[PDB]
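Dropping my_file20.json in here (JSON, N, CA and C atoms):
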[["chain", "number", "residue", "atom", "x", "y", "z"],
["T", 1, "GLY", "N", 52.66, 26.00, 17.10],
["T", 1, "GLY", "CA", 52.35, 27.08, 16.18],
["T", 1, "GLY", "C", 51.18, 27.92, 16.69],
["T", 2, "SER", "N", 50.20, 28.11, 15.82],
["T", 2, "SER", "CA", 49.03, 28.89, 16.17],
["T", 2, "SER", "C", 47.79, 28.29, 15.50],
["T", 3, "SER", "N", 47.29, 27.22, 16.10],
["T", 3, "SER", "CA", 46.11, 26.55, 15.57],
["T", 3, "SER", "C", 46.41, 25.99, 14.17],
["T", 4, "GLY", "N", 46.00, 24.75, 13.97],
["T", 4, "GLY", "CA", 46.21, 24.09, 12.69],
["T", 4, "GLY", "C", 45.17, 24.55, 11.66],
["T", 5, "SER", "N", 45.24, 23.94, 10.49],
["T", 5, "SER", "CA", 44.32, 24.27, 9.42],
["T", 5, "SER", "C", 44.61, 23.41, 8.19],
["T", 6, "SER", "N", 43.63, 23.34, 7.30],
["T", 6, "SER", "CA", 43.77, 22.56, 6.09],
["T", 6, "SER", "C", 42.76, 23.03, 5.04],
["T", 7, "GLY", "N", 43.16, 24.07, 4.31],
["T", 7, "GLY", "CA", 42.30, 24.63, 3.28],
["T", 7, "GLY", "C", 43.03, 25.71, 2.48],
["T", 8, "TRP", "N", 42.27, 26.69, 2.04],
["T", 8, "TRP", "CA", 42.83, 27.79, 1.27],
["T", 8, "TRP", "C", 43.44, 28.79, 2.25],
["T", 9, "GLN", "N", 44.45, 29.50, 1.77],
["T", 9, "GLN", "CA", 45.13, 30.49, 2.59],
["T", 9, "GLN", "C", 44.12, 31.50, 3.14],
["T", 10, "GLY", "N", 43.31, 32.03, 2.23],
["T", 10, "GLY", "CA", 42.30, 33.01, 2.61],
["T", 10, "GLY", "C", 41.73, 33.71, 1.38],
["T", 11, "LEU", "N", 42.59, 34.49, 0.73],
["T", 11, "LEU", "CA", 42.19, 35.22, -0.46],
["T", 11, "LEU", "C", 41.07, 36.19, -0.10],
["T", 12, "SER", "N", 41.47, 37.35, 0.40],
["T", 12, "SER", "CA", 40.51, 38.37, 0.79],
["T", 12, "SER", "C", 41.12, 39.76, 0.61],
["T", 13, "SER", "N", 40.25, 40.73, 0.37],
["T", 13, "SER", "CA", 40.69, 42.10, 0.18],
["T", 13, "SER", "C", 40.44, 42.91, 1.45],
["T", 14, "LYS", "N", 41.51, 43.46, 2.00],
["T", 14, "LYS", "CA", 41.42, 44.26, 3.20],
["T", 14, "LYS", "C", 42.77, 44.92, 3.48],
["T", 15, "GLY", "N", 42.73, 45.95, 4.32],
["T", 15, "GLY", "CA", 43.94, 46.67, 4.67],
["T", 15, "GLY", "C", 43.80, 47.35, 6.03],
["T", 16, "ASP", "N", 43.20, 48.54, 6.01],
["T", 16, "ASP", "CA", 43.00, 49.30, 7.23],
["T", 16, "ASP", "C", 41.50, 49.58, 7.41],
["T", 17, "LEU", "N", 40.70, 48.66, 6.89],
["T", 17, "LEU", "CA", 39.25, 48.79, 6.99],
["T", 17, "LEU", "C", 38.86, 49.06, 8.44],
["T", 18, "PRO", "N", 37.65, 49.65, 8.61],
["T", 18, "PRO", "CA", 37.15, 49.97, 9.94],
["T", 18, "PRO", "C", 36.68, 48.70, 10.66],
["T", 19, "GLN", "N", 36.95, 48.66, 11.95],
["T", 19, "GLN", "CA", 36.56, 47.52, 12.77],
["T", 19, "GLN", "C", 35.77, 47.99, 13.99],
["T", 20, "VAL", "N", 34.75, 47.22, 14.33],
["T", 20, "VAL", "CA", 33.91, 47.54, 15.48],
["T", 20, "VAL", "C", 33.79, 46.31, 16.37],
["T", 21, "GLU", "N", 33.82, 46.56, 17.67],
["T", 21, "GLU", "CA", 33.71, 45.48, 18.64],
["T", 21, "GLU", "C", 32.26, 45.32, 19.10],
["T", 22, "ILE", "N", 31.71, 44.15, 18.81],
["T", 22, "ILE", "CA", 30.33, 43.86, 19.18],
["T", 22, "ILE", "C", 30.22, 43.84, 20.71],
["T", 23, "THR", "N", 29.53, 44.85, 21.23],
["T", 23, "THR", "CA", 29.34, 44.96, 22.67],
["T", 23, "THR", "C", 28.47, 43.81, 23.18],
["T", 24, "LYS", "N", 27.47, 43.46, 22.37],
["T", 24, "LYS", "CA", 26.57, 42.38, 22.73],
["T", 24, "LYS", "C", 26.27, 41.54, 21.49],
["T", 25, "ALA", "N", 26.00, 40.27, 21.73],
["T", 25, "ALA", "CA", 25.70, 39.35, 20.64],
["T", 25, "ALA", "C", 24.62, 39.97, 19.75],
["T", 26, "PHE", "N", 24.69, 39.62, 18.47],
["T", 26, "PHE", "CA", 23.73, 40.13, 17.50],
["T", 26, "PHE", "C", 23.13, 38.99, 16.67],
["T", 27, "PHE", "N", 22.13, 38.34, 17.24],
["T", 27, "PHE", "CA", 21.47, 37.24, 16.57],
["T", 27, "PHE", "C", 20.90, 37.69, 15.22],
["T", 28, "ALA", "N", 21.39, 37.06, 14.17],
["T", 28, "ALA", "CA", 20.94, 37.38, 12.82],
["T", 28, "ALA", "C", 19.55, 36.77, 12.60],
["T", 29, "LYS", "N", 18.65, 37.60, 12.09],
["T", 29, "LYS", "CA", 17.30, 37.16, 11.82],
["T", 29, "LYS", "C", 17.10, 37.00, 10.31],
["T", 30, "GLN", "N", 17.76, 37.88, 9.57],
["T", 30, "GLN", "CA", 17.67, 37.85, 8.12],
["T", 30, "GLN", "C", 18.71, 36.89, 7.54],
["T", 31, "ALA", "N", 18.78, 36.87, 6.22],
["T", 31, "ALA", "CA", 19.72, 36.01, 5.53],
["T", 31, "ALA", "C", 21.00, 36.79, 5.22],
["T", 32, "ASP", "N", 20.94, 38.09, 5.51],
["T", 32, "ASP", "CA", 22.08, 38.96, 5.26],
["T", 32, "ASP", "C", 22.77, 39.27, 6.59],
["T", 33, "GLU", "N", 21.98, 39.21, 7.66],
["T", 33, "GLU", "CA", 22.50, 39.48, 8.99],
["T", 33, "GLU", "C", 23.39, 38.33, 9.46],
["T", 34, "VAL", "N", 24.44, 38.68, 10.19],
["T", 34, "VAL", "CA", 25.36, 37.68, 10.70],
["T", 34, "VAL", "C", 25.31, 37.70, 12.23],
["T", 35, "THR", "N", 25.45, 36.51, 12.80],
["T", 35, "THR", "CA", 25.42, 36.37, 14.25],
["T", 35, "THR", "C", 26.78, 36.74, 14.85],
["T", 36, "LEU", "N", 26.73, 37.60, 15.85],
["T", 36, "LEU", "CA", 27.95, 38.04, 16.51],
["T", 36, "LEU", "C", 27.83, 37.78, 18.01],
["T", 37, "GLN", "N", 28.98, 37.74, 18.67],
["T", 37, "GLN", "CA", 29.01, 37.50, 20.10],
["T", 37, "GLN", "C", 29.48, 38.76, 20.84],
["T", 38, "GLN", "N", 29.49, 38.67, 22.16],
["T", 38, "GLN", "CA", 29.91, 39.79, 22.99],
["T", 38, "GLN", "C", 31.43, 39.93, 22.95],
["T", 39, "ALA", "N", 31.87, 41.14, 22.61],
["T", 39, "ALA", "CA", 33.29, 41.42, 22.54],
["T", 39, "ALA", "C", 33.89, 40.69, 21.34],
["T", 40, "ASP", "N", 33.23, 40.84, 20.20],
["T", 40, "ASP", "CA", 33.68, 40.20, 18.98],
["T", 40, "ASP", "C", 34.32, 41.25, 18.07],
["T", 41, "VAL", "N", 34.82, 40.77, 16.93],
["T", 41, "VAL", "CA", 35.46, 41.65, 15.97],
["T", 41, "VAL", "C", 34.89, 41.38, 14.58],
["T", 42, "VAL", "N", 34.56, 42.46, 13.89],
["T", 42, "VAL", "CA", 34.00, 42.36, 12.55],
["T", 42, "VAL", "C", 34.64, 43.42, 11.65],
["T", 43, "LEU", "N", 35.11, 42.97, 10.50],
["T", 43, "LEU", "CA", 35.74, 43.87, 9.55],
["T", 43, "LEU", "C", 34.67, 44.49, 8.65],
["T", 44, "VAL", "N", 34.45, 45.78, 8.86],
["T", 44, "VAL", "CA", 33.45, 46.50, 8.08],
["T", 44, "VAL", "C", 33.81, 46.40, 6.59],
["T", 45, "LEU", "N", 32.78, 46.21, 5.78],
["T", 45, "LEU", "CA", 32.97, 46.10, 4.34],
["T", 45, "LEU", "C", 32.14, 47.18, 3.64],
["T", 46, "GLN", "N", 30.93, 47.38, 4.14],
["T", 46, "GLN", "CA", 30.04, 48.38, 3.57],
["T", 46, "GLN", "C", 29.29, 49.11, 4.68],
["T", 47, "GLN", "N", 29.51, 50.41, 4.75],
["T", 47, "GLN", "CA", 28.86, 51.24, 5.75],
["T", 47, "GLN", "C", 27.59, 51.87, 5.18],
["T", 48, "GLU", "N", 26.46, 51.45, 5.71],
["T", 48, "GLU", "CA", 25.18, 51.97, 5.26],
["T", 48, "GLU", "C", 24.44, 52.63, 6.43],
["T", 49, "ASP", "N", 24.24, 53.93, 6.30],
["T", 49, "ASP", "CA", 23.55, 54.69, 7.33],
["T", 49, "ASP", "C", 22.39, 53.85, 7.88],
["T", 50, "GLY", "N", 22.62, 53.28, 9.06],
["T", 50, "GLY", "CA", 21.61, 52.46, 9.70],
["T", 50, "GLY", "C", 22.17, 51.08, 10.04],
["T", 51, "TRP", "N", 22.88, 50.50, 9.08],
["T", 51, "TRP", "CA", 23.47, 49.19, 9.27],
["T", 51, "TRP", "C", 24.90, 49.24, 8.75],
["T", 52, "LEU", "N", 25.78, 48.52, 9.44],
["T", 52, "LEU", "CA", 27.18, 48.47, 9.06],
["T", 52, "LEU", "C", 27.54, 47.04, 8.65],
["T", 53, "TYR", "N", 27.90, 46.89, 7.38],
["T", 53, "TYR", "CA", 28.27, 45.59, 6.86],
["T", 53, "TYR", "C", 29.76, 45.32, 7.07],
["T", 54, "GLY", "N", 30.07, 44.06, 7.37],
["T", 54, "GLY", "CA", 31.44, 43.66, 7.60],
["T", 54, "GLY", "C", 31.59, 42.14, 7.55],
["T", 55, "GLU", "N", 32.78, 41.68, 7.90],
["T", 55, "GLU", "CA", 33.06, 40.25, 7.90],
["T", 55, "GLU", "C", 33.69, 39.83, 9.22],
["T", 56, "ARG", "N", 32.98, 38.95, 9.92],
["T", 56, "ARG", "CA", 33.46, 38.46, 11.21],
["T", 56, "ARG", "C", 34.80, 37.75, 11.04],
["T", 57, "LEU", "N", 35.82, 38.31, 11.68],
["T", 57, "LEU", "CA", 37.15, 37.74, 11.60],
["T", 57, "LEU", "C", 37.15, 36.37, 12.29],
["T", 58, "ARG", "N", 36.14, 36.15, 13.11],
["T", 58, "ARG", "CA", 36.01, 34.90, 13.83],
["T", 58, "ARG", "C", 36.10, 33.72, 12.86],
["T", 59, "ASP", "N", 35.10, 33.63, 11.99],
["T", 59, "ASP", "CA", 35.06, 32.56, 11.00],
["T", 59, "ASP", "C", 35.22, 33.16, 9.60],
["T", 60, "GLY", "N", 34.83, 34.42, 9.48],
["T", 60, "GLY", "CA", 34.92, 35.11, 8.21],
["T", 60, "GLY", "C", 33.53, 35.38, 7.63],
["T", 61, "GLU", "N", 32.52, 35.11, 8.44],
["T", 61, "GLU", "CA", 31.14, 35.32, 8.03],
["T", 61, "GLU", "C", 30.90, 36.79, 7.70],
["T", 62, "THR", "N", 30.36, 37.02, 6.51],
["T", 62, "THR", "CA", 30.08, 38.37, 6.06],
["T", 62, "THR", "C", 28.57, 38.63, 6.07],
["T", 63, "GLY", "N", 28.16, 39.53, 6.95],
["T", 63, "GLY", "CA", 26.75, 39.87, 7.07],
["T", 63, "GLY", "C", 26.58, 41.34, 7.46],
["T", 64, "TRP", "N", 25.33, 41.72, 7.69],
["T", 64, "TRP", "CA", 25.02, 43.08, 8.07],
["T", 64, "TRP", "C", 24.94, 43.15, 9.60],
["T", 65, "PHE", "N", 25.61, 44.16, 10.15],
["T", 65, "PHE", "CA", 25.63, 44.34, 11.59],
["T", 65, "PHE", "C", 25.43, 45.82, 11.95],
["T", 66, "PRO", "N", 24.48, 46.05, 12.90],
["T", 66, "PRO", "CA", 24.19, 47.41, 13.34],
["T", 66, "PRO", "C", 25.29, 47.93, 14.26],
["T", 67, "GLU", "N", 25.43, 49.25, 14.28],
["T", 67, "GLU", "CA", 26.44, 49.89, 15.11],
["T", 67, "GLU", "C", 26.02, 49.84, 16.58],
["T", 68, "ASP", "N", 24.72, 49.97, 16.80],
["T", 68, "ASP", "CA", 24.18, 49.95, 18.14],
["T", 68, "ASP", "C", 24.68, 48.70, 18.87],
["T", 69, "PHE", "N", 25.07, 47.71, 18.08],
["T", 69, "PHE", "CA", 25.57, 46.47, 18.64],
["T", 69, "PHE", "C", 27.09, 46.35, 18.44],
["T", 70, "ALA", "N", 27.72, 47.51, 18.30],
["T", 70, "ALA", "CA", 29.16, 47.55, 18.11],
["T", 70, "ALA", "C", 29.68, 48.93, 18.51],
["T", 71, "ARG", "N", 31.00, 49.03, 18.60],
["T", 71, "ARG", "CA", 31.64, 50.28, 18.98],
["T", 71, "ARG", "C", 32.85, 50.54, 18.09],
["T", 72, "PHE", "N", 32.72, 51.56, 17.25],
["T", 72, "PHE", "CA", 33.80, 51.93, 16.35],
["T", 72, "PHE", "C", 35.11, 52.13, 17.11],
["T", 73, "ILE", "N", 36.00, 51.16, 16.95],
["T", 73, "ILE", "CA", 37.29, 51.22, 17.62],
["T", 73, "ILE", "C", 38.07, 52.43, 17.10],
["T", 74, "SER", "N", 38.33, 52.42, 15.80],
["T", 74, "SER", "CA", 39.06, 53.51, 15.18],
["T", 74, "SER", "C", 38.67, 53.63, 13.70],
["T", 75, "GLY", "N", 38.20, 54.82, 13.35],
["T", 75, "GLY", "CA", 37.78, 55.07, 11.98],
["T", 75, "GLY", "C", 37.59, 56.57, 11.73],
["T", 76, "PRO", "N", 36.49, 57.11, 12.33],
["T", 76, "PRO", "CA", 36.17, 58.52, 12.18],
["T", 76, "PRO", "C", 37.10, 59.38, 13.05],
["T", 77, "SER", "N", 38.39, 59.29, 12.74],
["T", 77, "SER", "CA", 39.39, 60.05, 13.47],
["T", 77, "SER", "C", 38.96, 61.52, 13.56],
["T", 78, "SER", "N", 39.69, 62.27, 14.38],
["T", 78, "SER", "CA", 39.41, 63.68, 14.56],
["T", 78, "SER", "C", 40.42, 64.52, 13.78],
["T", 79, "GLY", "N", 41.68, 64.33, 14.11],
["T", 79, "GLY", "CA", 42.75, 65.06, 13.45],
["T", 79, "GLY", "C", 42.59, 65.02, 11.93]]

As a first step, turn the structure in this file into structure tokens.
Amino acid sequence: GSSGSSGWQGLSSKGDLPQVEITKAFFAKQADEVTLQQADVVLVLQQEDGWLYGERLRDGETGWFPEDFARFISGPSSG
């Protein structure tokens, strides 16, 4: 299959939310900040001029992550 598991299905709200790839690890210092790795994926949840909140698809950790440490894959389209 694709990795085992034993818990809840998930239960989360999301669709086409914005995603950014962490160019470099982002060691969380605060209690709101989440630790990210290089070339990671985080589902943005709340965009705050300065900090971008999301949930790491890795484990599902939801914290605050700066853009400087990520690259908007697709969101602010042009067309």

### Query
Hey, what does DSSP flag as strand (DSSP E or B) within segment 17-64 of chain T? Can you give it to me as an NGL selection string?
:T and (19-22 or 33 or 40-48 or 51-56 or 62-64)

Give me, as an mmCIF file with N, CA and C atoms, in the coordinates of the input, all polymer residues having an atom no more than 6.5 Å from residue 73 of chain T, counting only N, CA and C atoms and skipping those fewer than 2 positions away in the same chain.
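File written: around.cif
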data_model
loop_
_atom_site.group_PDB
_atom_site.id
_atom_site.type_symbol
_atom_site.label_atom_id
_atom_site.label_comp_id
_atom_site.auth_asym_id
_atom_site.auth_seq_id
_atom_site.Cartn_x
_atom_site.Cartn_y
_atom_site.Cartn_z
ATOM 1 N N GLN T 19 36.950 48.660 11.950
ATOM 2 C CA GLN T 19 36.560 47.520 12.770
ATOM 3 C C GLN T 19 35.770 47.990 13.990
ATOM 4 N N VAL T 20 34.750 47.220 14.330
ATOM 5 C CA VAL T 20 33.910 47.540 15.480
ATOM 6 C C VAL T 20 33.790 46.310 16.370
ATOM 7 N N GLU T 21 33.820 46.560 17.670
ATOM 8 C CA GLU T 21 33.710 45.480 18.640
ATOM 9 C C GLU T 21 32.260 45.320 19.100
ATOM 10 N N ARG T 71 31.000 49.030 18.600
ATOM 11 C CA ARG T 71 31.640 50.280 18.980
ATOM 12 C C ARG T 71 32.850 50.540 18.090
ATOM 13 N N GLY T 75 38.200 54.820 13.350
ATOM 14 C CA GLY T 75 37.780 55.070 11.980
ATOM 15 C C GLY T 75 37.590 56.570 11.730
#

### Query
Near segment 57-60 of chain T, counting only N, CA and C atoms, which residues have an atom at most 6 Å away, once you skip same-chain residues fewer than 6 positions from it, shown as a ChimeraX atom specification?
/T:41-43

Find the spatial neighbours of segment 44-51 of chain T, counting only C-alpha atoms, within a cut-off of 9 Å - ignore same-chain residues fewer than 5 positions away - and output them as a compact mmCIF listing (two decimals) with N, CA and C atoms, keeping the file's coordinate frame.
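See around08.txt below for the written result:
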# COMPACT_ATOMS: atom_id res chain seq x y z
N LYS T 14 41.51 43.46 2.00
CA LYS T 14 41.42 44.26 3.20
C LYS T 14 42.77 44.92 3.48
N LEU T 17 40.70 48.66 6.89
CA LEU T 17 39.25 48.79 6.99
C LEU T 17 38.86 49.06 8.44
N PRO T 18 37.65 49.65 8.61
CA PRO T 18 37.15 49.97 9.94
C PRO T 18 36.68 48.70 10.66
N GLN T 19 36.95 48.66 11.95
CA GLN T 19 36.56 47.52 12.77
C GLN T 19 35.77 47.99 13.99
N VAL T 20 34.75 47.22 14.33
CA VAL T 20 33.91 47.54 15.48
C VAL T 20 33.79 46.31 16.37
N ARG T 56 32.98 38.95 9.92
CA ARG T 56 33.46 38.46 11.21
C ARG T 56 34.80 37.75 11.04
N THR T 62 30.36 37.02 6.51
CA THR T 62 30.08 38.37 6.06
C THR T 62 28.57 38.63 6.07
N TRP T 64 25.33 41.72 7.69
CA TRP T 64 25.02 43.08 8.07
C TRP T 64 24.94 43.15 9.60
N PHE T 65 25.61 44.16 10.15
CA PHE T 65 25.63 44.34 11.59
C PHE T 65 25.43 45.82 11.95
N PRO T 66 24.48 46.05 12.90
CA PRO T 66 24.19 47.41 13.34
C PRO T 66 25.29 47.93 14.26
N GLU T 67 25.43 49.25 14.28
CA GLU T 67 26.44 49.89 15.11
C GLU T 67 26.02 49.84 16.58
N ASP T 68 24.72 49.97 16.80
CA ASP T 68 24.18 49.95 18.14
C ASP T 68 24.68 48.70 18.87

### Query
residue 36 of chain T: which residues within 6 Å, counting all atoms listed in the file, same-chain residues fewer than 3 positions away excluded, as a list in words?
residues 24, 25, 26, 27 and 28 of chain T

Reconstruct segment 51-70 of chain T at the level of N, CA, C and O atoms, and format the result as a compact mmCIF listing (two decimals), keeping the file's coordinate frame.
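File produced: result14.txt:
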# COMPACT_ATOMS: atom_id res chain seq x y z
N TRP T 51 22.88 50.50 9.08
CA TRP T 51 23.47 49.19 9.27
C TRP T 51 24.90 49.24 8.75
O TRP T 51 25.19 49.91 7.75
N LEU T 52 25.78 48.52 9.44
CA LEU T 52 27.18 48.47 9.06
C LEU T 52 27.54 47.04 8.65
O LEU T 52 27.49 46.12 9.47
N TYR T 53 27.90 46.89 7.38
CA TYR T 53 28.27 45.59 6.86
C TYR T 53 29.76 45.32 7.07
O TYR T 53 30.59 46.23 6.96
N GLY T 54 30.07 44.06 7.37
CA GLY T 54 31.44 43.66 7.60
C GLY T 54 31.59 42.14 7.55
O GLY T 54 30.64 41.44 7.20
N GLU T 55 32.78 41.68 7.90
CA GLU T 55 33.06 40.25 7.90
C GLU T 55 33.69 39.83 9.22
O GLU T 55 34.77 40.30 9.58
N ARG T 56 32.98 38.95 9.92
CA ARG T 56 33.46 38.46 11.21
C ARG T 56 34.80 37.75 11.04
O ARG T 56 34.89 36.73 10.35
N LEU T 57 35.82 38.31 11.68
CA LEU T 57 37.15 37.74 11.60
C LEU T 57 37.15 36.37 12.29
O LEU T 57 38.05 35.56 12.07
N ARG T 58 36.14 36.15 13.11
CA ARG T 58 36.01 34.90 13.83
C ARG T 58 36.10 33.72 12.86
O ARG T 58 37.04 32.93 12.91
N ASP T 59 35.10 33.63 11.99
CA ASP T 59 35.06 32.56 11.00
C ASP T 59 35.22 33.16 9.60
O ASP T 59 35.67 32.48 8.68
N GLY T 60 34.83 34.42 9.48
CA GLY T 60 34.92 35.11 8.21
C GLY T 60 33.53 35.38 7.63
O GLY T 60 33.40 35.81 6.48
N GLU T 61 32.52 35.11 8.44
CA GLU T 61 31.14 35.32 8.03
C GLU T 61 30.90 36.79 7.70
O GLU T 61 31.20 37.67 8.50
N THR T 62 30.36 37.02 6.51
CA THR T 62 30.08 38.37 6.06
C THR T 62 28.57 38.63 6.07
O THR T 62 27.83 38.03 5.29
N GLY T 63 28.16 39.53 6.95
CA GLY T 63 26.75 39.87 7.07
C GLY T 63 26.58 41.34 7.46
O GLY T 63 27.55 42.09 7.52
N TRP T 64 25.33 41.72 7.69
CA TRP T 64 25.02 43.08 8.07
C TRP T 64 24.94 43.15 9.60
O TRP T 64 24.30 42.31 10.23
N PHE T 65 25.61 44.16 10.15
CA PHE T 65 25.63 44.34 11.59
C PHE T 65 25.43 45.82 11.95
O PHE T 65 26.10 46.69 11.40
N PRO T 66 24.48 46.05 12.90
CA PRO T 66 24.19 47.41 13.34
C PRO T 66 25.29 47.93 14.26
O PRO T 66 25.98 47.15 14.92
N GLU T 67 25.43 49.25 14.28
CA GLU T 67 26.44 49.89 15.11
C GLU T 67 26.02 49.84 16.58
O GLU T 67 26.86 49.69 17.47
N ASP T 68 24.72 49.97 16.80
CA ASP T 68 24.18 49.95 18.14
C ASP T 68 24.68 48.70 18.87
O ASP T 68 24.71 48.67 20.10
N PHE T 69 25.07 47.71 18.08
CA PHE T 69 25.57 46.47 18.64
C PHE T 69 27.09 46.35 18.44
O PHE T 69 27.63 45.25 18.42
N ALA T 70 27.72 47.51 18.30
CA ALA T 70 29.16 47.55 18.11
C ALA T 70 29.68 48.93 18.51
O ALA T 70 28.90 49.85 18.73
